[PDB]
> 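First the structure, then my questions, so here it is.
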Amino acid sequence: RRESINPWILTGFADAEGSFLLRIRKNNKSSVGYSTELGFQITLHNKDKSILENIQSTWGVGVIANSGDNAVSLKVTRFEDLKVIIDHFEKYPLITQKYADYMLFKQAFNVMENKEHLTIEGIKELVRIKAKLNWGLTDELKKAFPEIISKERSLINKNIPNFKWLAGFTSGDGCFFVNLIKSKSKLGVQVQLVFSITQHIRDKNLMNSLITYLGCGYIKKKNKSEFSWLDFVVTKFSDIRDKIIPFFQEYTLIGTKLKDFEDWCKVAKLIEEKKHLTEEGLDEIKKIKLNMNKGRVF
DNA sequence: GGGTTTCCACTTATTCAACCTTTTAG
DNA sequence: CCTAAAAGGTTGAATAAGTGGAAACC
Ligand SMILES: [Ca+2]
Ligand SMILES: [Ca+2]
Ligand SMILES: [Ca+2]
Ligand SMILES: [Ca+2]
């Protein structure tokens with residue numbers, strides 16, 4: 001059932017789940033020896049295929065396909081379709097550092113719109129653009145286009161623009177979790193509700209702003225080898241009851257995350273009724289938990 | 001139909017989400 | 001003593017991003 005997604009929900013979701021793409025491919029059938037492909041894409045779990053169909057219908061662009069065993073993607077690379085992407089993100093701009101990637105995608109669009117990508121000089125300009133996009137140059141492009149190139153990206157400083165963006169972002173990178181803490185009590189399990197949003201460290205400022213915007217929570221920094229990311233986290237029930245739950249009751253989530261939030265809420269009500277301290281209440285929470293998050297079948 | 005664009009199957013890197021246990025706060 | 005909140009992580013790919021191959025187009 002195709003439903004129109006609000007454009008700021010969509011942009012918040014794009015900030016959490018979109019990726020731009022710029023292919024500069026060796027091609028023995030291209031006059032300059034390289035062909036290109038420019039686009040935007042989203043990859044989700046199969047259980048969320050509906051989001052992709054809603055976006056495909058809301059925009060009128062893109063093609064949907066399996067992405068391996070368990071995921072599905074919406075890719076938009078038809079050049080004329082990319083005008084839709086630009087019109088959307090011009091009106092409802094990305095908020096995270098991905099915004100810099102959007103601007104690089106715009107620059108590549110302009111090169112191609114002037115048909116300059118059919119010249120080697122235009123291929124070279126696309127390479128300079130791609131050197132700053134996402135993961136930058138591949139080994140093949142480094143080898144083929146030796147050049148000291150600026151690598152500094154525009155640092156993005158933008159406030160959360162409105163709460164629909166936040167609902168979109170949370171639908172992508174958020175998590176509603178029932179933590180079962182093993183204790184020695186007679187019941188022997190403490191039920192703890194956790195709300196989290198996870199993000200690369202490059203957007204520490206935006207994540208830190210969530211403390212102010214939502215009136216609760218804290219930031220946990222995590223490092224693993226050379227990689228760093230952050231979790232905005234809320235574990236205090238009174239904050240979950242009075243701030244997190246009413247926020248998302250008002251600003252609706254999309255996809256499977258919505259059902260997780262609803263289940264989470266059913267656990268919160270049980271907790272408020274103190275039935276998490278009874279055996280029968282705990283069994284019910286355990287049963288709700290088994291069907292949340294990755295365990296959910298559909 | 002030659003050069004170019006678009007699509008579709010599928011993979012690589014690593015940023016997510018989701019999942020744990022132990023300790024501290026109240 | 002008791003429960004709630006925070007601290008302190010780990011797991012593993014539903015990560016973000018990218019690739020190989022060719023059909024479709026004009
Ligand atoms: Ca994300
Ligand atoms: Ca994704
Ligand atoms: Ca997600
Ligand atoms: Ca995500």
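Chain letters run A, B, ... following the sequence lines, proteins first, then strands; residues in each count from 1. Side chains are part of it too, since the values below use all heavy atoms of this structure and drop only hydrogens, waters and symmetry mates.
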> For A:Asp239 and for A:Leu22, find the nucleotide of DNA chain C with the closest heavy atom, then tell me which residue's nucleotide is more 5'.
A:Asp239

> What I want to check is whether an N or O donor and acceptor connect the side chain of A:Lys220 with the base of C:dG9 at under 3.5 Å.
no

> Would you call the rings of A:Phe163 and A:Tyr251 parallel, tilted or perpendicular if under 30° counts as parallel and over 60° as perpendicular?
tilted

> Suppose you measure atom P in C:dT10 against the same atom in B:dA13; what distance do you get, rounded to whole Å?
23 Å

> Answer yes or no: are the six-membered ring centres of C:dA23 and C:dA24 under 5.5 Å apart with planes under 30°?
yes

> Could you check which of B:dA9, B:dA18, B:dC20 has an atom nearest any side-chain atom of A:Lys75?
B:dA9

> Among C:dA14, C:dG18, C:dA17, which nucleotide sits nearest the side chain of A:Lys98?
C:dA17

> Answer yes or no: side-chain N or O of A:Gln192 and base N or O of C:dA6 forming a donor-acceptor pair under 3.5 Å.
yes

> So does A:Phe20 get a backbone contact from the side chain of A:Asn134, meaning a donor-acceptor N/O pair under 3.5 Å?
yes

> Phosphate oxygens OP1/OP2 of B:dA17: is one of them under 4.0 Å from a side-chain N or O of A:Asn293?
no

> What pucker, north or south, follows for B:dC20 from the sign of the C1'-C2'-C3'-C4' torsion?
north

> Go through C:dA17, C:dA14, B:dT4 for me and flag the one nearest to the A:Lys47 side chain.
C:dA14

> How long is the line joining CG of A:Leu133 and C1' of C:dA17, in whole Å?
10 Å

> Is any side-chain nitrogen or oxygen of A:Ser31 closer than 4.0 Å to OP1 or OP2 of B:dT4?
yes

> Given C:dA5, C:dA16, B:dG3, identify the nucleotide with an atom nearest to the side chain of A:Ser19.
C:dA16

> Can you name the side-chain hydrogen bond (donor to acceptor under 3.5 Å, both in side chains) partners of A:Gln192, sequence neighbours left out?
A:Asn179

> Charged N to carboxylate O under 4.0 angstrom, A:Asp263 versus A:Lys289?
no

> Check whether the side chain of A:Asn179 and the base of B:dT21 form a donor-acceptor pair under 3.5 Å.
yes

> Is it true that the side chains of A:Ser228 and A:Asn223 contain a donor and an acceptor less than 3.5 Å apart?
yes

> Any side-chain N or O of A:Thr235 under 4.0 Å from OP1/OP2 of C:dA6?
yes

> Using whole Å, what does the distance between atom P of nucleotide B:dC10 and atom CD1 of A:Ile64 come to?
18 Å

> As a test of reading the structure: which of B:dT6, B:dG3, C:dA14 is closest to the side chain of A:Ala71, going by heavy atoms?
C:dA14

> So, is A:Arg78 near the phosphate of B:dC7, with a side-chain N or O under 4.0 Å from OP1 or OP2?
yes

> Rounded to whole angstrom units, what separation is found between the CZ atom of A:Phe169 and the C1' atom of B:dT15?
11 Å

> For the residue pair A:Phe195 and A:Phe232, does the interplanar ring angle fall in the parallel (under 30°), tilted (30 to 60°) or perpendicular (over 60°) class?
perpendicular

> Kindly say whether A:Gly215 contributes a backbone atom to a donor-acceptor pair with the side chain of A:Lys243 at under 3.5 angstrom?
yes

> Rounded to the nearest angstrom, tell me the gap between atom CZ in A:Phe177 and atom P in B:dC16.
19 Å

> Could you check A:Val63 against A:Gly172 and say which one's nearest nucleotide on DNA chain B is further toward the 5' end?
A:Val63

> Quick one: which residue pairs count as a salt bridge (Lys or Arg N to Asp or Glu O under 4.0 Å) with a foot in residues 104-119 of chain A, not counting sequence neighbours?
A:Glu90-A:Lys106

> Ignoring backbone atoms, establish whether A:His117 has a side-chain N or O less than 4.0 Å from OP1 or OP2 of B:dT5.
yes

> For DNA chain B, whose closest nucleotide is more 5', that of A:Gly62 or that of A:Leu118?
A:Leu118

> Nearest to the side chain of A:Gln41, heavy atoms from C-beta on, is which of C:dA5, B:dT6, C:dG18?
C:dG18

> Tell me: CZ of A:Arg241 to P of C:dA5, nearest whole Å?
10 Å

> Less than 4.0 angstrom between a side-chain N/O of A:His276 and OP1 or OP2 of C:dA4, yes or no?
yes

> May I have the distance from A:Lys222 (atom NZ) to C:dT10 (atom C1'), rounded to whole angstrom?
9 Å

> How would you label the contact of A:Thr198 with the nucleic acid (heavy atoms, under 4.0 Å): base, sugar-phosphate, or nothing?
base

> With north meaning a positive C1'-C2'-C3'-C4' (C3'-endo side) and south a negative one (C2'-endo side), sort C:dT15 into one of the two.
north

> Within less than 4.0 Å of OP1 or OP2 of B:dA18, is there a side-chain N or O belonging to A:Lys257?
yes

> At under 4.0 Å between heavy atoms, how does the protein contact nucleotides 21-26 of chain C? Give one character per nucleotide, 5' to 3', with B, S or -.
BB----

> Quick check: any donor-acceptor pair below 3.5 Å linking the side-chain of A:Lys224 to the base of C:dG12?
yes

> Grab the CG-P distance between A:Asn46 and C:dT15 for me, whole Å please.
11 Å

> Once Watson-Crick and G-U wobble pairs under 3.5 Å are found, how is DNA chain B written in dot-bracket notation, 5' to 3', with | for any base paired to another strand?
.|||||||||||..||||||||||||

> Look at all strands and tell whether A:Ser196 reaches a base, only sugar-phosphate, or nothing, counting heavy atoms closer than 4.0 Å.
nothing

> Side chains of residues 64-79 of chain A: which donor-acceptor pairs under 3.5 Å do they make with residues two or more places apart or in other chains?
unit_1, atom_1, unit_2, atom_2, d
A:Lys75, NZ, A:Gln41, OE1, 2.8
A:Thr77, OG1, A:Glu37, OE2, 3.0

> Could you check which of B:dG3, C:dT15, B:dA17 has an atom nearest any side-chain atom of A:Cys175?
B:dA17

> Under 4.0 Å between any heavy atoms, over every strand shown, what does A:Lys49 touch: base, sugar-phosphate, or nothing? Just pick one.
nothing

> Would you kindly give the CG-to-P distance between A:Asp231 and B:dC16, to the nearest whole Å?
10 Å

> Closer than 4.0 angstrom, basic N to acidic O: yes or no for A:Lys257 and A:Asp48?
no

> In terms of hydrophobic clustering (I, L, V, M, F, W, Y; side-chain heavy atoms under 4.5 Å; direct or indirect links), are A:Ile245 and A:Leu258 co-clustered?
yes

> Please, which pairs that meet side chain to side chain donor-acceptor pair (under 3.5 Å) have at least one residue in residues 162-175 of chain A, sequence neighbours excluded?
A:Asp15-A:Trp165

> For C:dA17, decide between syn and anti, treating a glycosidic angle within 90° of 0 as syn.
anti

> Which one, C:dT3, B:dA17, B:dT5, comes nearest to the side chain of A:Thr36?
B:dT5

> Using a strict 4.0 Å threshold on nitrogen-to-oxygen distance, state whether A:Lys124 and A:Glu147 make a salt bridge.
no

